[PDB]
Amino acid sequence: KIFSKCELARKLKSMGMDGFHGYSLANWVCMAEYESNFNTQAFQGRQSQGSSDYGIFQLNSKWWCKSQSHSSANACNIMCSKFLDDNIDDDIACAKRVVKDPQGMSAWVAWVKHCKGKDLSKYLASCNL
């Protein structure tokens, strides 16, 4: 499933993301756009050792969820496979956990290179929330 900007913006407001750990809804949505183009099935196999990135938040297995051959630290306490799913609920709860670390939202690269430096005050403007 691919979400639209506003669709997602609505979803996240719903699940308590507006201002969650100092980050505005704009922020979260932008991370998403830049990380997966809003694709719940987005996946990226990293050529490192056993870390791949999952779902709309491109959630890494080295840290965050379990893989297969590839064991994890499993911060989020979930099977990484749970993220390649149409339902964004655990994807989000994992996302809220990621944010807690020192790096916060910079855990997410696309976010850093595409959104951190941007003025996102108009980002959501077209959205009925």
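Each residue number is its position in the shown sequence, starting from 1.
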As the entry reports it, the stretch among 53 to 61 and 82 to 90 with higher mean C-alpha B factor is 82 to 90
Ranked by mean Cα B-factor in the entry, 42 to 50 and 95 to 103, top stretch is 42 to 50
Can you tell me which third, lowest, middle or highest, the CA B-factor of residue 6 falls into for its chain? lowest
Taking the chain's C-alpha temperature factors as the reference, tell me which third residue 27 falls into: lowest, middle or highest. lowest
